[PDB]
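The chain below stands alone and is given in structure tokens; this is the form deposited in one PDB entry.
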């Protein structure tokens, strides 16, 4: 099968075991921005569902299929590969919808649908959009779509922007310096300090931040799910040419993504941007091994290359240079092994952001 070919067995076992837990379904369902936006996108575009045949790829508990049913769908085929397909079947029965929602356990690449559908719905976005590689299963499912059928979501936008965060960068060496001591209980650990530094820099950072750490307007890479093919996501090349709005040390690239539900009545947008309410996707930041000094007006150019791997993730290659100086930096990161840094605190703005006296603005 297409899925087994591109996926290692061990990775698939852990993956679908995770999604078999009701607690993980709850976590996603309780993301109000996520679940609420999907409901609005479907119900406000009721003409795209009224008396239509629907395919729900990776339905989980089936919540998106119930929204399609609320919109008037005649038949909904809810495909799910984890053992959550059982729990979804129970929900379909308890909600008296067995005549309109058919749960099909198994992988969308391996099951059979009795007919073609008018619209496909799914929530295939991982963090940084592409993690988990479920977008390819979502695109694979277009083999069941009628010629003029729609897809919810319809397009996806990944945004990249350079950031400055001296604390984040320096924290990598503070952690690795554990190994830079000559007598840890009598053992010199210093020979491993470089390996520790390497290990931390291969990890993307999943958390949030104040948008004022961004040093340039974002660049946008768009995937059109109506047109894209599975193979388009095996190698994702994202060139960028950032025109610096602020002067400082560039420590890496920040990533967020938006999706759009282009319906007949309206287009609904789901955004994970740092300017929007926090979602369970947060944002993702990839450090440079060495910071790049840029002054306002300079151009930071380079490429972000994502190479899919058989662990349902991507190997990230980032290269960037300040054109005016030729100073270059790079990094290689494993999208599958990010560091979850979120603490729950409100992100602090970069120092040096006060342009008027804060003391004069006490009491307002």
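Residue numbers count along the first chain shown, from 1. Each form is matched to the other, and the largest set of C-alpha atoms that superpose within 1.5 Å is called the rigid core.
Superposing each structure in 9 other deposited structures of this protein on the rigid core shows that the farther-lying of 320-328 and 55-63, by root-mean-square Cα distance, is 55-63. When the other structures are laid on the shown form by the rigid core, the stretch among 238-246 and 178-186 with the greater C-alpha deviation in 9 other deposited structures of this protein turns out to be 178-186. As recorded in the PDB entry, 147-155 is the stretch of 147-155 and 251-259 with the greater mean C-alpha temperature factor. Set 189-197 against 261-269 and average the Cα temperature factors; 261-269 ends up higher. The entry assigns its greatest Cα B factor, within the set 327, 39, 27, 313, to 327. Per the PDB entry, 53 shows the highest C-alpha temperature factor of the residues 305, 308, 53, 33. For residue 134, the recorded CA B-factor ranks within the lowest third of the chain. Only modelled residues enter the ranking.
The deposited CA B-factor of residue 339 belongs to the lowest third of values across its chain. Ranked within its chain, residue 99 lands in the highest third, by CA B factor from the PDB record. Among all modelled residues in its chain, residue 175 ranks in the lowest third by Cα B-factor. Per the PDB record, residue ranking by Cα B-factor puts residue 218 in the middle third of the chain.
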